[PDB]
>>> print(open('work.txt').read())   # compact mmCIF, C-alpha atoms and all ligand atoms
# COMPACT_ATOMS: atom_id res chain seq x y z
CA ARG K 13 -54.27 -10.87 31.06
CA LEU K 14 -52.99 -12.59 27.88
CA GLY K 15 -50.24 -10.09 26.94
CA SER K 16 -48.56 -10.81 23.60
CA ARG K 17 -50.84 -13.94 23.27
CA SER K 18 -53.86 -11.64 22.71
CA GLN K 19 -55.79 -12.40 19.54
CA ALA K 20 -56.58 -9.76 16.90
CA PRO K 21 -59.65 -7.86 18.07
CA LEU K 22 -62.75 -8.51 15.89
CA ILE K 23 -63.96 -5.49 13.97
CA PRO K 24 -67.00 -4.03 15.76
CA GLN K 25 -70.30 -5.25 14.26
CA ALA K 26 -71.45 -1.64 13.87
CA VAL K 27 -68.69 -1.14 11.28
CA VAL K 28 -69.73 -4.23 9.30
CA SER K 29 -73.33 -3.01 9.31
CA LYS K 30 -72.44 0.21 7.46
CA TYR K 31 -71.89 -1.90 4.34
CA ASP K 32 -74.51 -3.76 2.27
CA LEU K 33 -72.70 -7.09 2.11
CA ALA K 34 -75.01 -9.36 4.12
CA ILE K 35 -72.11 -10.81 6.08
CA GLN K 36 -72.69 -14.13 7.90
CA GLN K 37 -69.16 -15.07 9.11
CA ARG K 38 -66.02 -13.08 10.11
CA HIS K 39 -62.57 -14.14 11.23
CA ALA K 40 -59.12 -12.63 11.44
CA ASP K 41 -56.62 -13.78 8.88
CA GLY K 42 -53.21 -12.17 9.25
CA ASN K 43 -53.57 -8.40 9.34
CA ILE K 44 -57.01 -8.37 7.73
CA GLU K 45 -60.40 -9.70 8.66
CA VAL K 46 -62.21 -11.98 6.24
CA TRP K 47 -65.95 -11.33 5.83
CA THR K 48 -68.08 -13.99 4.12
CA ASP K 49 -71.69 -13.79 2.82
CA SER K 50 -74.21 -16.63 2.52
CA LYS K 51 -72.80 -17.68 -0.86
CA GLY K 52 -69.24 -17.80 0.49
CA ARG K 53 -68.16 -14.63 -1.32
CA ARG K 54 -65.26 -13.13 0.61
CA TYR K 55 -64.21 -9.55 1.43
CA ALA K 56 -61.02 -8.33 3.11
CA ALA K 57 -61.62 -5.74 5.85
CA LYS K 58 -58.67 -3.72 7.10
CA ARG K 59 -58.39 -1.90 10.40
CA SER K 60 -55.97 0.96 9.72
CA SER K 61 -54.61 4.04 11.46
CA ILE K 62 -54.38 6.05 8.22
CA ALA K 63 -56.18 9.37 8.21
CA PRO K 64 -59.50 9.54 6.34
CA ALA K 65 -58.02 12.17 3.99
CA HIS K 66 -55.20 9.73 3.20
CA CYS K 67 -57.68 6.93 2.54
CA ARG K 68 -59.48 9.21 0.07
CA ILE K 69 -56.38 10.12 -1.96
CA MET K 70 -55.33 6.46 -1.91
CA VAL K 71 -58.66 5.45 -3.48
CA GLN K 72 -58.46 8.32 -5.98
CA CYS K 73 -54.95 7.26 -6.95
CA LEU K 74 -56.12 3.75 -7.71
CA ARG K 75 -59.13 4.97 -9.66
CA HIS K 76 -56.81 7.22 -11.67
CA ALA K 77 -54.52 4.27 -12.35
CA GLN K 78 -57.55 2.25 -13.42
CA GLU K 79 -58.64 4.91 -15.96
CA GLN K 80 -55.14 4.40 -17.41
CA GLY K 81 -55.65 0.60 -17.66
CA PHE K 82 -54.29 -0.61 -14.32
CA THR K 83 -55.97 -3.79 -13.03
CA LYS K 84 -53.56 -5.12 -10.42
CA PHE K 85 -55.25 -4.11 -7.20
CA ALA K 86 -58.00 -5.26 -4.87
CA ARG K 87 -61.14 -3.27 -5.48
CA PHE K 88 -62.58 -1.10 -2.74
CA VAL K 89 -66.16 -1.60 -1.56
CA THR K 90 -68.10 1.45 -0.42
CA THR K 91 -70.54 1.76 2.46
CA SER K 92 -74.30 2.16 2.12
CA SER K 93 -73.67 5.93 2.08
CA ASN K 94 -71.05 5.65 -0.71
CA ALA K 95 -68.10 6.31 1.63
CA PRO K 96 -64.79 4.53 0.93
CA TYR K 97 -64.10 3.87 4.65
CA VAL K 98 -65.73 3.79 8.06
CA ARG K 99 -64.17 5.85 10.84
CA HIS K 100 -64.91 4.42 14.30
CA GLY K 101 -63.13 4.24 17.64
CA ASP K 102 -60.02 6.04 16.27
CA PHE K 103 -59.56 3.55 13.43
CA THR K 104 -60.16 3.88 9.70
CA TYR K 105 -61.72 0.71 8.26
CA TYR K 106 -61.82 -0.11 4.58
CA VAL K 107 -62.98 -3.13 2.66
CA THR K 108 -61.96 -4.72 -0.63
CA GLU K 109 -63.21 -7.58 -2.73
CA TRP K 110 -61.25 -10.71 -1.96
CA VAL K 111 -58.36 -11.60 -4.22
CA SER K 112 -57.78 -15.30 -4.71
CA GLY K 113 -54.06 -16.13 -4.69
CA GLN K 114 -50.98 -16.91 -2.67
CA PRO K 115 -48.35 -14.60 -1.22
CA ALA K 116 -45.69 -14.25 -3.93
CA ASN K 117 -42.73 -16.56 -3.65
CA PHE K 118 -39.84 -14.18 -4.21
CA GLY K 119 -37.55 -17.18 -4.77
CA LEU K 120 -39.37 -18.02 -8.04
CA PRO K 121 -38.46 -16.04 -11.13
CA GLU K 122 -42.03 -16.23 -12.38
CA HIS K 123 -43.42 -14.67 -9.20
CA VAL K 124 -40.73 -11.98 -9.16
CA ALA K 125 -41.43 -11.30 -12.83
CA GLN K 126 -45.12 -10.73 -12.22
CA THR K 127 -44.56 -8.64 -9.07
CA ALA K 128 -42.14 -6.43 -11.02
CA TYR K 129 -44.58 -6.14 -13.93
CA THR K 130 -47.37 -5.09 -11.63
CA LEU K 131 -45.22 -2.57 -9.73
CA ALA K 132 -44.05 -1.08 -13.03
CA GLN K 133 -47.63 -0.84 -14.26
CA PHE K 134 -48.68 0.95 -11.08
CA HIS K 135 -45.84 3.45 -11.43
CA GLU K 136 -46.65 4.10 -15.08
CA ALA K 137 -50.42 4.41 -14.52
CA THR K 138 -49.88 7.03 -11.81
CA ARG K 139 -47.42 9.29 -13.64
CA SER K 140 -48.22 12.94 -13.05
CA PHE K 141 -50.93 12.08 -10.46
CA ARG K 142 -50.77 14.31 -7.37
CA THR K 143 -47.02 14.46 -7.66
CA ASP K 144 -46.49 16.92 -4.79
CA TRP K 145 -48.58 14.89 -2.31
CA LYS K 146 -46.78 13.72 0.85
CA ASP K 152 -37.31 12.04 -0.08
CA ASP K 153 -33.68 11.98 1.01
CA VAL K 154 -32.27 8.54 0.17
CA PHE K 155 -28.63 9.71 0.44
CA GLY K 156 -29.17 11.06 3.99
CA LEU K 157 -30.92 7.87 5.07
CA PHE K 158 -28.04 5.68 3.96
CA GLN K 159 -25.39 8.12 5.24
CA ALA K 160 -26.98 7.91 8.68
CA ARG K 161 -27.10 4.10 8.49
CA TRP K 162 -23.41 3.98 7.57
CA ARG K 163 -22.48 6.23 10.51
CA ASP K 164 -24.54 3.97 12.79
CA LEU K 165 -22.98 0.78 11.44
CA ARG K 166 -19.43 2.12 11.99
CA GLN K 167 -20.27 3.17 15.55
CA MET K 168 -21.82 -0.23 16.29
CA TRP K 169 -18.76 -2.22 15.30
CA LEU K 170 -16.52 0.21 17.20
CA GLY K 171 -18.73 -0.50 20.20
CA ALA K 172 -18.43 -4.25 19.66
CA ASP K 173 -14.66 -4.10 19.28
CA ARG K 174 -14.17 -2.53 22.71
CA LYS K 175 -16.26 -5.14 24.58
CA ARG K 176 -14.34 -7.17 27.14
CA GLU K 177 -16.36 -10.29 26.29
CA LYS K 178 -17.41 -10.60 22.63
CA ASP K 179 -20.25 -13.00 21.82
CA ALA K 180 -20.58 -14.89 18.55
CA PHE K 181 -22.51 -12.03 16.92
CA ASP K 182 -19.93 -9.41 17.98
CA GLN K 183 -17.07 -11.48 16.62
CA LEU K 184 -18.83 -12.28 13.34
CA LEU K 185 -19.75 -8.60 12.77
CA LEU K 186 -16.12 -7.58 13.48
CA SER K 187 -14.86 -10.20 11.02
CA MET K 188 -16.69 -8.49 8.13
CA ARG K 189 -15.87 -4.84 8.88
CA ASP K 190 -13.67 -4.32 5.85
CA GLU K 191 -16.29 -5.69 3.41
CA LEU K 192 -19.10 -3.78 5.08
CA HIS K 193 -17.03 -0.57 4.94
CA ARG K 194 -16.20 -1.11 1.26
CA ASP K 195 -19.82 -1.72 0.32
CA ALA K 196 -21.16 1.27 2.27
CA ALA K 197 -18.51 3.55 0.72
CA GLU K 198 -19.28 2.28 -2.80
CA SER K 199 -23.00 2.81 -2.21
CA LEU K 200 -22.65 6.36 -0.92
CA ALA K 201 -20.30 7.18 -3.85
CA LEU K 202 -23.02 6.01 -6.25
CA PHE K 203 -25.61 8.17 -4.50
CA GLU K 204 -23.22 11.16 -5.03
CA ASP K 205 -22.89 10.49 -8.77
CA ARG K 206 -24.52 13.16 -10.89
CA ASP K 207 -26.37 10.66 -13.11
CA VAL K 208 -28.06 8.96 -10.11
CA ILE K 209 -29.11 12.31 -8.72
CA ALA K 210 -30.39 13.39 -12.14
CA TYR K 211 -32.51 10.24 -12.29
CA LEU K 212 -34.00 10.78 -8.82
CA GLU K 213 -34.80 14.41 -9.55
CA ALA K 214 -36.36 13.63 -12.93
CA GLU K 215 -38.57 10.97 -11.28
CA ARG K 216 -39.63 13.50 -8.62
CA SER K 217 -40.72 15.85 -11.41
CA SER K 218 -42.53 13.32 -13.64
CA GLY K 219 -44.18 11.61 -10.70
CA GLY K 220 -45.48 8.10 -10.58
CA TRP K 221 -46.20 6.37 -7.30
CA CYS K 222 -44.39 3.49 -5.67
CA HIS K 223 -46.19 0.93 -3.54
CA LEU K 224 -43.42 0.92 -0.88
CA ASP K 225 -44.58 -2.17 1.01
CA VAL K 226 -43.35 -4.88 -1.31
CA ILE K 227 -43.60 -7.97 0.86
CA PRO K 228 -45.08 -11.35 -0.13
CA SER K 229 -48.28 -10.89 1.83
CA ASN K 230 -49.09 -7.73 -0.19
CA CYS K 231 -48.17 -9.26 -3.58
CA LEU K 232 -50.76 -11.90 -4.35
CA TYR K 233 -49.87 -14.33 -7.16
CA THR K 234 -53.23 -15.37 -8.58
CA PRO K 235 -54.55 -18.44 -10.45
CA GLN K 236 -54.33 -16.28 -13.62
CA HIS K 237 -50.57 -15.99 -13.01
CA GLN K 238 -50.56 -12.27 -12.29
CA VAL K 239 -49.71 -10.35 -9.18
CA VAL K 240 -52.36 -8.22 -7.51
CA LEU K 241 -51.24 -5.67 -4.99
CA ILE K 242 -52.96 -4.98 -1.71
CA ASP K 243 -52.22 -2.47 1.09
CA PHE K 244 -51.46 0.85 -0.59
CA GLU K 245 -51.14 2.66 2.77
CA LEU K 246 -47.43 3.44 2.28
CA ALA K 247 -47.80 4.30 -1.43
CA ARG K 248 -46.72 7.81 -2.53
CA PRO K 249 -44.97 9.55 -5.39
CA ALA K 250 -41.40 8.16 -5.40
CA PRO K 251 -38.71 7.15 -7.86
CA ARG K 252 -39.35 3.80 -9.50
CA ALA K 253 -35.93 2.58 -8.38
CA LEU K 254 -37.22 2.31 -4.80
CA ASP K 255 -39.78 -0.39 -5.59
CA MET K 256 -37.33 -2.06 -7.98
CA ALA K 257 -34.49 -2.17 -5.45
CA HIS K 258 -36.75 -3.32 -2.60
CA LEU K 259 -38.13 -6.20 -4.67
CA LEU K 260 -34.64 -7.10 -5.78
CA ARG K 261 -33.10 -7.05 -2.33
CA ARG K 262 -35.79 -9.24 -0.83
CA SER K 263 -35.77 -11.66 -3.76
CA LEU K 264 -32.01 -11.89 -4.08
CA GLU K 265 -31.32 -12.24 -0.33
CA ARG K 266 -33.72 -15.18 -0.15
CA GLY K 267 -32.65 -16.77 -3.49
CA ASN K 268 -28.92 -16.48 -2.69
CA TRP K 269 -28.25 -13.90 -5.32
CA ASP K 270 -29.47 -15.99 -8.27
CA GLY K 271 -29.44 -13.48 -11.12
CA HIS K 272 -32.41 -15.15 -12.81
CA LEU K 273 -34.47 -13.37 -10.17
CA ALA K 274 -32.90 -9.99 -11.03
CA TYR K 275 -33.31 -10.58 -14.75
CA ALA K 276 -36.99 -11.49 -14.26
CA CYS K 277 -37.44 -8.22 -12.39
CA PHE K 278 -35.54 -5.92 -14.80
CA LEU K 279 -37.14 -7.46 -17.89
CA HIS K 280 -40.64 -6.79 -16.55
CA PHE K 281 -39.96 -3.22 -15.40
CA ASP K 282 -38.36 -2.60 -18.81
CA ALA K 283 -41.42 -4.01 -20.62
CA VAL K 284 -43.57 -1.23 -19.15
CA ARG K 285 -40.96 1.53 -19.53
CA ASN K 286 -37.27 1.36 -20.50
CA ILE K 287 -34.77 1.26 -17.66
CA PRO K 288 -32.12 3.91 -18.45
CA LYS K 289 -28.55 3.49 -17.29
CA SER K 290 -29.04 6.06 -14.50
CA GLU K 291 -32.01 4.06 -13.11
CA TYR K 292 -29.89 0.92 -13.02
CA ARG K 293 -27.23 2.92 -11.19
CA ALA K 294 -29.71 4.20 -8.60
CA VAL K 295 -30.83 0.59 -8.01
CA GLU K 296 -27.17 -0.44 -7.68
CA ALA K 297 -26.58 2.31 -5.10
CA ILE K 298 -29.37 0.93 -2.98
CA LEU K 299 -28.44 -2.76 -3.39
CA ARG K 300 -24.75 -2.21 -2.77
CA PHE K 301 -25.40 -0.78 0.70
CA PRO K 302 -25.09 -3.49 3.43
CA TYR K 303 -28.65 -2.93 4.58
CA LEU K 304 -29.22 -6.24 6.32
CA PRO K 305 -26.11 -6.11 8.52
CA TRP K 306 -27.03 -2.51 9.40
CA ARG K 307 -30.62 -3.43 10.25
CA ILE K 308 -29.76 -6.52 12.31
CA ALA K 309 -26.93 -4.79 14.21
CA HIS K 310 -29.14 -1.75 14.80
CA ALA K 311 -31.78 -3.95 16.41
CA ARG K 312 -29.18 -5.76 18.50
CA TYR K 313 -27.32 -2.79 19.91
CA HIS K 314 -30.02 -0.09 20.02
CA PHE K 315 -32.89 -2.33 21.07
CA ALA K 316 -31.78 -5.70 22.51
CA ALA K 317 -30.09 -8.93 21.57
CA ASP K 318 -32.11 -11.77 20.06
CA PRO K 319 -30.79 -15.09 18.76
CA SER K 320 -32.55 -14.46 15.42
CA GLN K 321 -30.05 -11.66 14.77
CA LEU K 322 -27.16 -14.12 14.85
CA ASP K 323 -29.07 -16.47 12.51
CA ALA K 324 -29.56 -13.54 10.10
CA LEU K 325 -25.95 -12.32 10.22
CA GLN K 326 -24.69 -15.91 9.75
CA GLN K 327 -26.82 -16.27 6.63
CA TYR K 328 -25.53 -12.95 5.30
CA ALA K 329 -21.96 -14.16 5.82
CA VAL K 330 -22.72 -17.47 4.05
CA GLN K 331 -24.08 -15.57 1.04
CA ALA K 332 -21.59 -12.72 1.05
CA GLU K 333 -19.41 -13.94 -1.82
CA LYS K 334 -22.42 -14.81 -3.98
CA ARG K 335 -23.81 -11.33 -3.28
CA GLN K 336 -20.46 -9.75 -4.27
CA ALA K 337 -20.40 -11.83 -7.47
CA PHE K 338 -23.90 -10.80 -8.41
CA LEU K 339 -23.29 -7.11 -7.80
CA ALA K 340 -20.06 -7.36 -9.80
CA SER K 341 -21.74 -8.90 -12.84
CA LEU K 342 -24.59 -6.35 -12.66
CA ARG K 343 -22.06 -3.49 -12.58
CA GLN K 344 -20.44 -4.91 -15.71
CA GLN K 345 -23.88 -5.32 -17.35
CA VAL K 346 -24.72 -1.67 -16.69
CA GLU K 347 -21.47 -0.62 -18.40
CA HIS K 348 -22.48 -2.46 -21.61
CA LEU K 349 -26.19 -1.78 -21.95
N1 LIG V 1 -55.99 -14.16 -0.95
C1 LIG V 1 -55.02 -13.61 -0.01
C2 LIG V 1 -55.70 -12.77 1.08
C3 LIG V 1 -56.31 -11.49 0.60
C4 LIG V 1 -57.12 -11.21 -0.45
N2 LIG V 1 -57.40 -9.87 -0.40
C5 LIG V 1 -56.80 -9.34 0.65
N3 LIG V 1 -56.13 -10.30 1.27
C6 LIG V 1 -54.24 -14.75 0.63
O1 LIG V 1 -53.27 -15.25 0.06
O2 LIG V 1 -54.54 -15.20 1.69
>>> encode(input="work.txt", output="structure tokens", more="lines below")
Ligand SMILES: N[C@@H](Cc1c[nH]c[nH+]1)C(=O)O
Amino acid sequence: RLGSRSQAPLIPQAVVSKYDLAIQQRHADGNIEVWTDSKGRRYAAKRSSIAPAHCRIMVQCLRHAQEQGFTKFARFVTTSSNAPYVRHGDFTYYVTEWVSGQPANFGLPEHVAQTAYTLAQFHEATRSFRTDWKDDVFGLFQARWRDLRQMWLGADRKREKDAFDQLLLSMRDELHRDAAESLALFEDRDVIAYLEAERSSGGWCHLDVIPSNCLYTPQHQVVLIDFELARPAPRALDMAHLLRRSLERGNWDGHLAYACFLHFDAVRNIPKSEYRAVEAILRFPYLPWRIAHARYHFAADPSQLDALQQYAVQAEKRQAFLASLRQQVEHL
């Protein structure tokens, strides 16, 4: 019994042997397995729980994007029978060529720029592709707000308040203001019109925009991997998710936001309503919600206090950034 100190299980050899890759060496590396041939050529093998039908549309989506010029993805390798996956032991395995690069550093404008460019290219290249294949962003955030309010009410009535409880209570008025401003933006007719128009025109988002899926290459581009969460969705979702992650880790340095907006805009103009949808998402106090949710619904962990402390440290810089962006959007 090793419990949570159990290593990633090796992919069964029978799966490897369905391919024609003459693999000599295999080892886990993060959430993929690296397969290497006698020349040292590498492949990334993924153990997934996605359905085979889902794997098929995912591949078809990327091949469609490619016929439109898209290059920013790891290329799938097929089995000896031409299948895009192997199904074995209740898992779906798929393999891609290896992409040389490093996980994007979302604190560097250059890396944010290239991630944004790539995400925008993916969205553009997939316009109109299987648009009805499977969205209530207002309801999601409304529920989070209701949760957040309940959580600080719970904290306030504790006999003994710990450092986290007290810190969360100290920011209630700012958190309330931000949540209210966000939900008001989601209720604005222009934001809704944007979201609905995107739903109609299609275009997929990647929807797992984390450094380990955004590989910054020696050719100074970003190549995406892991399209398992990708689906038709408004472009603002990928844009806002990239921005939030970048900005929270670069203390709201607007060079990171500019790098992002410029490179989305280069592929397709950002209209005012798209900016406003992005603002609605960014204005919501997502991190305090998420951290408090974990604490009070799941269990306390000291990392939650670290995270809330960092949010508090950055809170004025975040306010300043969102203020300047709001002004920018009024004089586009
Ligand atoms: N080259 C990536 C790993 C990878 C390539 N393809 C899939 N995963 C890295 O930074 O480690």
>>> closest_residue(input="work.txt", among="K:97, K:211, K:110, K:158", to="ligand LIG 1 (chain V)", atoms="all atoms listed in the file")
K:110
>>> closest_residue(input="work.txt", among="K:321, K:70, K:103, K:177", to="residue 307 (chain K)", atoms="only C-alpha atoms")
K:321
>>> residues_near_ligand(input="work.txt", ligand="ligand LIG 1 (chain V)", cutoff="6 Å", atoms="all atoms listed in the file", output="VMD selection string")
chain K and resid 56 110 to 115
>>> closest_residue(input="work.txt", among="K:49, K:173, K:296, K:136", to="residue 220 (chain K)", atoms="all atoms listed in the file")
K:136
>>> residues_around(input="work.txt", residues="residue 212 (chain K)", least_positions_apart="6", cutoff="12 Å", atoms="all atoms listed in the file", output="PyMOL selection string")
chain K and resi 152-155+203-206+218-220+249-254+288+290-295+297
>>> closest_atom_pairs(input="work.txt", of="region 82-122 of chain K", to="region 21-26 of chain K", cutoff="10 Å", atoms="only C-alpha atoms", output="JSON lines")
{"residue": "K:98", "atom": "CA", "partner": "K:26", "partner_atom": "CA", "distance": 9.8}
{"residue": "K:100", "atom": "CA", "partner": "K:24", "partner_atom": "CA", "distance": 8.8}
{"residue": "K:101", "atom": "CA", "partner": "K:24", "partner_atom": "CA", "distance": 9.3}
{"residue": "K:105", "atom": "CA", "partner": "K:23", "partner_atom": "CA", "distance": 8.7}
>>> closest_residue(input="work.txt", among="K:316, K:276, K:118, K:95", to="residue 65 (chain K)", atoms="all atoms listed in the file")
K:95
>>> atom_distance(input="work.txt", atom1="CA of residue 156 (chain K)", atom2="CA of residue 260 (chain K)")
21.3 Å
>>> atom_distance(input="work.txt", atom1="CA of residue 192 (chain K)", atom2="CA of residue 340 (chain K)")
15.3 Å
>>> atom_distance(input="work.txt", atom1="CA of residue 193 (chain K)", atom2="CA of residue 160 (chain K)")
13.6 Å
>>> residues_around(input="work.txt", residues="residue 312 (chain K)", least_positions_apart="4", cutoff="10 Å", atoms="all atoms listed in the file", output="list in words")
residues 168, 181, 182, 306, 307, 308, 316, 317, 318, 319, 320, 321 and 322 of chain K
>>> residues_near_point(input="work.txt", point="(-23.3, 0.7, 15.5)", cutoff="10 Å", atoms="all atoms listed in the file", output="PyMOL selection string")
chain K and resi 161-172+306-307+309-314
>>> closest_residue(input="work.txt", among="K:62, K:131, K:28, K:67", to="residue 48 (chain K)", atoms="all atoms listed in the file")
K:28
>>> residues_around(input="work.txt", residues="residue 273 (chain K)", least_positions_apart="3", cutoff="10 Å", atoms="all atoms listed in the file", output="CSV table (one decimal) with C-alpha atoms, in the coordinates of the input")
chain,number,residue,atom,x,y,z
K,118,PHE,CA,-39.8,-14.2,-4.2
K,119,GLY,CA,-37.6,-17.2,-4.8
K,120,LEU,CA,-39.4,-18.0,-8.0
K,121,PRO,CA,-38.5,-16.0,-11.1
K,122,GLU,CA,-42.0,-16.2,-12.4
K,123,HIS,CA,-43.4,-14.7,-9.2
K,124,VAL,CA,-40.7,-12.0,-9.2
K,125,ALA,CA,-41.4,-11.3,-12.8
K,259,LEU,CA,-38.1,-6.2,-4.7
K,260,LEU,CA,-34.6,-7.1,-5.8
K,263,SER,CA,-35.8,-11.7,-3.8
K,264,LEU,CA,-32.0,-11.9,-4.1
K,267,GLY,CA,-32.6,-16.8,-3.5
K,268,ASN,CA,-28.9,-16.5,-2.7
K,269,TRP,CA,-28.2,-13.9,-5.3
K,270,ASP,CA,-29.5,-16.0,-8.3
K,276,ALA,CA,-37.0,-11.5,-14.3
K,277,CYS,CA,-37.4,-8.2,-12.4
K,278,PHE,CA,-35.5,-5.9,-14.8
>>> axis_aligned_box(input="work.txt", around="region 337-340 of chain K", padding_each_side="3 Å", output="JSON")
{"center_x": -22.0, "center_y": -9.5, "center_z": -8.6, "size_x": 9.8, "size_y": 10.7, "size_z": 8.3}
>>> closest_atom_pairs(input="work.txt", of="region 132-179 of chain K", to="region 76-87 of chain K", cutoff="10 Å", atoms="all atoms listed in the file", output="JSON lines")
{"residue": "K:133", "atom": "CA", "partner": "K:82", "partner_atom": "CA", "distance": 6.7}
{"residue": "K:134", "atom": "CA", "partner": "K:82", "partner_atom": "CA", "distance": 6.7}
{"residue": "K:135", "atom": "CA", "partner": "K:77", "partner_atom": "CA", "distance": 8.8}
{"residue": "K:136", "atom": "CA", "partner": "K:77", "partner_atom": "CA", "distance": 8.3}
{"residue": "K:137", "atom": "CA", "partner": "K:77", "partner_atom": "CA", "distance": 4.6}
{"residue": "K:138", "atom": "CA", "partner": "K:77", "partner_atom": "CA", "distance": 5.4}
{"residue": "K:139", "atom": "CA", "partner": "K:77", "partner_atom": "CA", "distance": 8.8}
{"residue": "K:141", "atom": "CA", "partner": "K:76", "partner_atom": "CA", "distance": 7.7}
>>> residues_near_point(input="work.txt", point="(-59.8, -14.8, 4.4)", cutoff="12 Å", atoms="only C-alpha atoms", output="list in words")
residues 37, 38, 39, 40, 41, 42, 43, 44, 45, 46, 47, 48, 52, 53, 54, 55, 56, 57, 58, 108, 109, 110, 111, 112, 113 and 114 of chain K
>>> closest_residue(input="work.txt", among="K:224, K:180, K:185, K:232", to="residue 248 (chain K)", atoms="only C-alpha atoms")
K:224
>>> residues_around(input="work.txt", residues="residue 96 (chain K)", least_positions_apart="4", cutoff="8 Å", atoms="all atoms listed in the file", output="PyMOL selection string")
chain K and resi 67-68+71+88-91+106
